[PDB]
Every structure is written in C-alpha cells, then in structure tokens.
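Dropping model34.txt in here (compact mmCIF, N, CA and C atoms):
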# COMPACT_ATOMS: atom_id res chain seq x y z
N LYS P 1079 -71.41 -57.49 105.36
CA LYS P 1079 -72.41 -57.60 106.41
C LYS P 1079 -73.75 -57.08 105.92
N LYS P 1080 -74.82 -57.78 106.29
CA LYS P 1080 -76.16 -57.34 105.93
C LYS P 1080 -76.51 -56.07 106.69
N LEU P 1081 -77.07 -55.09 105.98
CA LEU P 1081 -77.47 -53.85 106.63
C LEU P 1081 -78.58 -54.11 107.63
N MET P 1082 -78.48 -53.48 108.80
CA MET P 1082 -79.46 -53.71 109.86
C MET P 1082 -80.85 -53.30 109.40
N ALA P 1083 -80.96 -52.16 108.72
CA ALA P 1083 -82.23 -51.65 108.23
C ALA P 1083 -82.30 -51.84 106.72
N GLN P 1084 -83.43 -52.36 106.24
CA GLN P 1084 -83.59 -52.59 104.82
C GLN P 1084 -83.63 -51.27 104.06
N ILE P 1085 -83.21 -51.32 102.80
CA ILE P 1085 -82.98 -50.13 101.99
C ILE P 1085 -84.04 -50.04 100.91
N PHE P 1086 -84.69 -48.88 100.81
CA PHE P 1086 -85.59 -48.63 99.70
C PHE P 1086 -84.78 -48.54 98.41
N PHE P 1087 -85.21 -49.28 97.39
CA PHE P 1087 -84.40 -49.53 96.21
C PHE P 1087 -85.29 -49.50 94.98
N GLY P 1088 -84.72 -49.06 93.85
CA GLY P 1088 -85.41 -49.20 92.59
C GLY P 1088 -85.01 -48.17 91.55
N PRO P 1089 -85.39 -48.39 90.30
CA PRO P 1089 -85.07 -47.42 89.25
C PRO P 1089 -85.84 -46.12 89.41
N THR P 1090 -85.23 -45.04 88.94
CA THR P 1090 -85.85 -43.73 88.96
C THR P 1090 -85.20 -42.87 87.88
N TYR P 1091 -85.98 -41.94 87.34
CA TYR P 1091 -85.51 -41.07 86.26
C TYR P 1091 -84.78 -39.87 86.84
N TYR P 1092 -83.63 -39.55 86.26
CA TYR P 1092 -82.81 -38.43 86.69
C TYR P 1092 -82.33 -37.64 85.48
N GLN P 1093 -82.02 -36.37 85.71
CA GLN P 1093 -81.59 -35.45 84.67
C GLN P 1093 -80.33 -34.73 85.13
N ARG P 1094 -79.37 -34.59 84.22
CA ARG P 1094 -78.12 -33.89 84.50
C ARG P 1094 -78.30 -32.43 84.07
N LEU P 1095 -78.36 -31.53 85.05
CA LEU P 1095 -78.55 -30.12 84.76
C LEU P 1095 -77.28 -29.52 84.18
N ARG P 1096 -77.45 -28.44 83.42
CA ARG P 1096 -76.31 -27.78 82.79
C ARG P 1096 -75.32 -27.25 83.82
N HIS P 1097 -75.76 -26.98 85.04
CA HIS P 1097 -74.87 -26.47 86.08
C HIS P 1097 -73.84 -27.53 86.43
N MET P 1098 -72.59 -27.29 86.07
CA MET P 1098 -71.49 -28.21 86.33
C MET P 1098 -70.33 -27.45 86.95
N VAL P 1099 -69.61 -28.14 87.84
CA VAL P 1099 -68.52 -27.50 88.58
C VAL P 1099 -67.41 -27.06 87.65
N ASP P 1100 -67.15 -27.83 86.58
CA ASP P 1100 -66.07 -27.49 85.66
C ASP P 1100 -66.19 -26.05 85.18
N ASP P 1101 -67.41 -25.60 84.88
CA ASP P 1101 -67.65 -24.24 84.44
C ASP P 1101 -68.08 -23.32 85.58
N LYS P 1102 -68.09 -23.81 86.82
CA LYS P 1102 -68.47 -23.01 87.98
C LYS P 1102 -67.33 -22.88 88.99
N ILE P 1103 -66.10 -23.13 88.56
CA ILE P 1103 -64.93 -23.06 89.42
C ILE P 1103 -64.03 -21.94 88.91
N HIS P 1104 -63.63 -21.04 89.82
CA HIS P 1104 -62.82 -19.90 89.46
C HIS P 1104 -61.78 -19.65 90.55
N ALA P 1105 -60.64 -19.09 90.14
CA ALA P 1105 -59.58 -18.72 91.06
C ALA P 1105 -58.74 -17.64 90.42
N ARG P 1106 -58.37 -16.63 91.21
CA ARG P 1106 -57.62 -15.48 90.72
C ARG P 1106 -56.40 -15.25 91.59
N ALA P 1107 -55.30 -14.83 90.96
CA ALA P 1107 -54.07 -14.47 91.68
C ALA P 1107 -53.38 -13.37 90.87
N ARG P 1108 -53.66 -12.12 91.22
CA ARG P 1108 -53.09 -10.96 90.55
C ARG P 1108 -53.32 -11.03 89.04
N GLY P 1109 -54.60 -11.04 88.67
CA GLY P 1109 -54.99 -11.07 87.28
C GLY P 1109 -55.17 -9.68 86.71
N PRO P 1110 -55.82 -9.57 85.56
CA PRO P 1110 -56.06 -8.25 84.97
C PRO P 1110 -57.00 -7.42 85.83
N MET P 1111 -56.82 -6.10 85.76
CA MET P 1111 -57.60 -5.16 86.53
C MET P 1111 -58.23 -4.12 85.61
N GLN P 1112 -59.40 -3.64 86.00
CA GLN P 1112 -60.09 -2.63 85.20
C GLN P 1112 -59.29 -1.34 85.16
N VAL P 1113 -59.20 -0.74 83.98
CA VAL P 1113 -58.46 0.51 83.83
C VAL P 1113 -59.14 1.63 84.61
N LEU P 1114 -60.47 1.62 84.66
CA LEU P 1114 -61.20 2.71 85.30
C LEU P 1114 -60.86 2.82 86.78
N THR P 1115 -60.79 1.69 87.48
CA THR P 1115 -60.55 1.69 88.92
C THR P 1115 -59.33 0.89 89.34
N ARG P 1116 -58.60 0.29 88.39
CA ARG P 1116 -57.43 -0.53 88.72
C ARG P 1116 -57.80 -1.63 89.71
N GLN P 1117 -58.98 -2.21 89.53
CA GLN P 1117 -59.49 -3.28 90.37
C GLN P 1117 -59.78 -4.51 89.53
N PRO P 1118 -59.88 -5.69 90.15
CA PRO P 1118 -60.11 -6.91 89.37
C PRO P 1118 -61.37 -6.81 88.52
N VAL P 1119 -61.29 -7.36 87.31
CA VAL P 1119 -62.42 -7.37 86.39
C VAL P 1119 -63.45 -8.38 86.87
N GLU P 1120 -64.64 -8.33 86.29
CA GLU P 1120 -65.75 -9.20 86.69
C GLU P 1120 -65.92 -10.32 85.68
N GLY P 1121 -66.05 -11.55 86.17
CA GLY P 1121 -66.28 -12.69 85.32
C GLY P 1121 -65.14 -13.69 85.32
N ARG P 1122 -65.44 -14.95 85.63
CA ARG P 1122 -64.41 -15.98 85.61
C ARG P 1122 -63.88 -16.20 84.20
N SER P 1123 -64.76 -16.16 83.20
CA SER P 1123 -64.32 -16.36 81.82
C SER P 1123 -63.28 -15.33 81.41
N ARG P 1124 -63.34 -14.13 81.99
CA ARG P 1124 -62.37 -13.07 81.73
C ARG P 1124 -61.31 -12.99 82.82
N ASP P 1125 -61.12 -14.08 83.57
CA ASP P 1125 -60.14 -14.12 84.66
C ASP P 1125 -60.38 -13.00 85.66
N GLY P 1126 -61.64 -12.81 86.04
CA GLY P 1126 -62.00 -11.79 87.00
C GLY P 1126 -61.71 -12.22 88.42
N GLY P 1127 -62.20 -11.41 89.36
CA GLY P 1127 -61.99 -11.68 90.77
C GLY P 1127 -63.30 -11.63 91.54
N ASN O 225 -67.97 27.94 107.14
CA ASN O 225 -66.66 28.19 107.73
C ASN O 225 -65.82 29.04 106.78
N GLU O 226 -65.40 30.21 107.25
CA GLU O 226 -64.70 31.16 106.38
C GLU O 226 -63.40 30.58 105.85
N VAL O 227 -62.67 29.84 106.69
CA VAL O 227 -61.36 29.35 106.29
C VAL O 227 -61.48 28.39 105.11
N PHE O 228 -62.46 27.48 105.16
CA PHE O 228 -62.60 26.44 104.16
C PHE O 228 -63.88 26.56 103.34
N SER O 229 -64.67 27.61 103.53
CA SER O 229 -65.90 27.77 102.76
C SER O 229 -66.31 29.23 102.76
N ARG O 230 -67.10 29.60 101.76
CA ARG O 230 -67.67 30.94 101.66
C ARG O 230 -68.92 30.86 100.81
N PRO O 231 -69.92 31.70 101.06
CA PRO O 231 -71.12 31.69 100.20
C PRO O 231 -70.80 31.99 98.75
N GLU O 232 -69.82 32.85 98.48
CA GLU O 232 -69.44 33.14 97.10
C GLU O 232 -68.88 31.90 96.42
N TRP O 233 -68.09 31.10 97.15
CA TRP O 233 -67.48 29.92 96.56
C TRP O 233 -68.52 28.92 96.05
N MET O 234 -69.74 28.97 96.57
CA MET O 234 -70.79 28.08 96.06
C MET O 234 -71.08 28.38 94.60
N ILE O 235 -71.11 29.66 94.23
CA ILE O 235 -71.28 30.06 92.84
C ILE O 235 -69.97 29.80 92.11
N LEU O 236 -69.92 28.70 91.36
CA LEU O 236 -68.68 28.28 90.72
C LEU O 236 -68.37 29.18 89.53
N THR O 237 -67.22 29.84 89.57
CA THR O 237 -66.72 30.63 88.45
C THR O 237 -65.63 29.91 87.67
N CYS O 238 -65.35 28.65 88.01
CA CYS O 238 -64.34 27.87 87.31
C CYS O 238 -64.61 26.40 87.57
N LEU O 239 -64.67 25.61 86.49
CA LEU O 239 -64.97 24.19 86.60
C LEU O 239 -63.68 23.39 86.45
N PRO O 240 -63.19 22.73 87.50
CA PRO O 240 -61.98 21.91 87.34
C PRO O 240 -62.18 20.81 86.31
N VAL O 241 -61.13 20.54 85.55
CA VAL O 241 -61.15 19.53 84.50
C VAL O 241 -60.56 18.24 85.08
N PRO O 242 -61.33 17.16 85.20
CA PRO O 242 -60.76 15.92 85.72
C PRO O 242 -59.63 15.44 84.84
N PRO O 243 -58.60 14.84 85.43
CA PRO O 243 -57.46 14.37 84.64
C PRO O 243 -57.80 13.10 83.88
N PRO O 244 -56.90 12.61 83.04
CA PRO O 244 -57.22 11.46 82.17
C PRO O 244 -57.68 10.24 82.97
N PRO O 245 -57.08 9.97 84.14
CA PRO O 245 -57.55 8.81 84.91
C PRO O 245 -59.03 8.86 85.25
N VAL O 246 -59.57 10.05 85.55
CA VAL O 246 -60.99 10.17 85.84
C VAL O 246 -61.84 9.93 84.60
N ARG O 247 -61.26 10.07 83.41
CA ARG O 247 -61.96 9.88 82.15
C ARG O 247 -61.13 8.96 81.25
N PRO O 248 -61.05 7.68 81.59
CA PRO O 248 -60.26 6.75 80.76
C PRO O 248 -60.82 6.66 79.35
N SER O 249 -59.91 6.45 78.40
CA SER O 249 -60.28 6.26 77.00
C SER O 249 -60.39 4.76 76.73
N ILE O 250 -61.61 4.30 76.48
CA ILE O 250 -61.86 2.88 76.26
C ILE O 250 -61.47 2.52 74.83
N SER O 251 -60.62 1.51 74.69
CA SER O 251 -60.19 1.07 73.37
C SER O 251 -61.34 0.40 72.64
N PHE O 252 -61.39 0.59 71.32
CA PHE O 252 -62.43 0.00 70.49
C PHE O 252 -61.82 -0.73 69.30
N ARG O 257 -59.39 8.11 70.13
CA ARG O 257 -59.70 7.00 71.03
C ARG O 257 -61.16 7.05 71.45
N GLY O 258 -61.59 6.03 72.19
CA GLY O 258 -62.96 5.97 72.66
C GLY O 258 -63.18 6.78 73.92
N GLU O 259 -63.23 8.10 73.78
CA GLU O 259 -63.42 8.97 74.93
C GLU O 259 -64.76 8.69 75.60
N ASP O 260 -64.77 8.76 76.93
CA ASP O 260 -65.98 8.48 77.68
C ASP O 260 -66.99 9.62 77.53
N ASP O 261 -68.20 9.38 78.02
CA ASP O 261 -69.26 10.38 77.92
C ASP O 261 -68.91 11.65 78.69
N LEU O 262 -68.18 11.52 79.80
CA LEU O 262 -67.80 12.70 80.57
C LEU O 262 -66.89 13.61 79.75
N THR O 263 -65.98 13.03 78.97
CA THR O 263 -65.15 13.84 78.09
C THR O 263 -65.99 14.58 77.06
N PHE O 264 -67.00 13.91 76.50
CA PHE O 264 -67.89 14.57 75.55
C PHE O 264 -68.64 15.72 76.21
N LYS O 265 -69.11 15.52 77.45
CA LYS O 265 -69.80 16.59 78.15
C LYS O 265 -68.87 17.77 78.41
N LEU O 266 -67.62 17.49 78.80
CA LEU O 266 -66.65 18.56 79.00
C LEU O 266 -66.39 19.31 77.70
N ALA O 267 -66.27 18.58 76.59
CA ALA O 267 -66.06 19.23 75.30
C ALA O 267 -67.25 20.11 74.94
N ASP O 268 -68.47 19.63 75.19
CA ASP O 268 -69.65 20.44 74.92
C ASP O 268 -69.67 21.70 75.77
N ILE O 269 -69.31 21.58 77.05
CA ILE O 269 -69.26 22.75 77.92
C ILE O 269 -68.23 23.75 77.41
N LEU O 270 -67.06 23.25 77.00
CA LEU O 270 -66.02 24.14 76.50
C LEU O 270 -66.46 24.83 75.21
N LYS O 271 -67.13 24.10 74.32
CA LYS O 271 -67.65 24.71 73.10
C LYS O 271 -68.68 25.78 73.41
N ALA O 272 -69.56 25.52 74.38
CA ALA O 272 -70.55 26.52 74.76
C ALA O 272 -69.88 27.77 75.32
N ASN O 273 -68.86 27.58 76.16
CA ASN O 273 -68.14 28.73 76.71
C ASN O 273 -67.45 29.52 75.61
N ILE O 274 -66.83 28.82 74.65
CA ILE O 274 -66.15 29.50 73.55
C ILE O 274 -67.15 30.29 72.72
N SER O 275 -68.31 29.70 72.43
CA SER O 275 -69.33 30.41 71.66
C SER O 275 -69.82 31.63 72.41
N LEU O 276 -70.04 31.50 73.72
CA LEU O 276 -70.48 32.65 74.51
C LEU O 276 -69.43 33.76 74.50
N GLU O 277 -68.16 33.40 74.65
CA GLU O 277 -67.10 34.40 74.62
C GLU O 277 -67.04 35.09 73.26
N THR O 278 -67.16 34.32 72.17
CA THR O 278 -67.15 34.92 70.84
C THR O 278 -68.32 35.87 70.65
N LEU O 279 -69.51 35.47 71.12
CA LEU O 279 -70.67 36.35 71.01
C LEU O 279 -70.46 37.63 71.81
N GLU O 280 -69.92 37.52 73.02
CA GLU O 280 -69.67 38.71 73.83
C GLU O 280 -68.66 39.63 73.16
Target encoding structure tokens, full file:
Amino acid sequence: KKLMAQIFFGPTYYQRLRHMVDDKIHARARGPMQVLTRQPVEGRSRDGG
Amino acid sequence: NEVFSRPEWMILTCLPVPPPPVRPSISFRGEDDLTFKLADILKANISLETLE
C-alpha cells in the first residue's frame, strides 16, 4: 500500500561510533569479590558487579 | 558517660592493632600502607623504650 504521507528520502553520511553493545553488555552471578571488603569487583572486563 | 566513657580514656595509652582482615596483603607479601605505619609506630615505641 502507498504511504498516505510522502517520505523524505535520500543519501546521507553516517559514522559508526566505537560505542557498541557487544562491549557494553555485562552480567554477574556470584563472581569474584574484593579481598578488602568481600564485595564484587569493579569492571565488566574483570567480571565485576 | 562514666559507664562507657571517661576523660582519661580520651588520652590513649594503648593503640589496638587491627587484625589481618583490616590490613589485607595485596599479592604482587604486599603489606598495605597501614601495616607500614603500624610497623613505624612500633619501631618508634621500641626506640623510645630503649632510650629510656
């Protein structure tokens, strides 16, 4: 079906920023804990919480 | 409060030594700065006692 309202269309320049979900997704379930406080460590790369 | 406090008790005549958990040894043992400060205090006290 033809769209009721016409659509603005055309080429445009875009850039993919370094921020990606693959490196921005974290999840913890009883991981390592800091010896000083016996609490979860900081940082997803170090399996933090 | 006399039961739980006294003016004399403010003047500390004995410094409690925190146990190992309060001063964890970081692996690199790697004693923390607080342990070094306690060691320095103990050395100063020993030197003072020897001088006396």
>> Using Å and a single decimal, report how far CA of residue 245 in chain O sits from CA of residue 229 in chain O.
In response: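 Between these atoms lies a distance of 27.3 Å.
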> To one decimal place, how far is CA of residue 233 in chain O from atom C of residue 261 in chain O in Å?
Replying inline: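 For CA of residue 233 in chain O relative to atom C of residue 261 in chain O, the distance reads 25.6 Å.
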Give me, as CSV, each residue of chain O that comes within 8 Å of chain P, together with its shortest interatomic pair and the distance in Å at one decimal, counting all atoms listed in the file, with rows ordered by chain and rising residue number.
residue,atom,partner,partner_atom,distance
O:245,C,P:1114,C,6.5
O:246,C,P:1114,CA,7.3
O:247,C,P:1114,CA,7.4
O:248,CA,P:1114,CA,6.1
O:249,N,P:1113,C,7.9
> Skipping near chain neighbours, those fewer than 6 positions away, what residues fall within 12 Å of residue 1127 in chain P using only C-alpha atoms, listed as a VMD selection string?
Replying inline: chain P and resid 1103 to 1112 1117 to 1121
>> I'd like the interatomic distance between CA of residue 238 in chain O and atom N of residue 225 in chain O, to a tenth of an Å.
In response: 20.2 Å
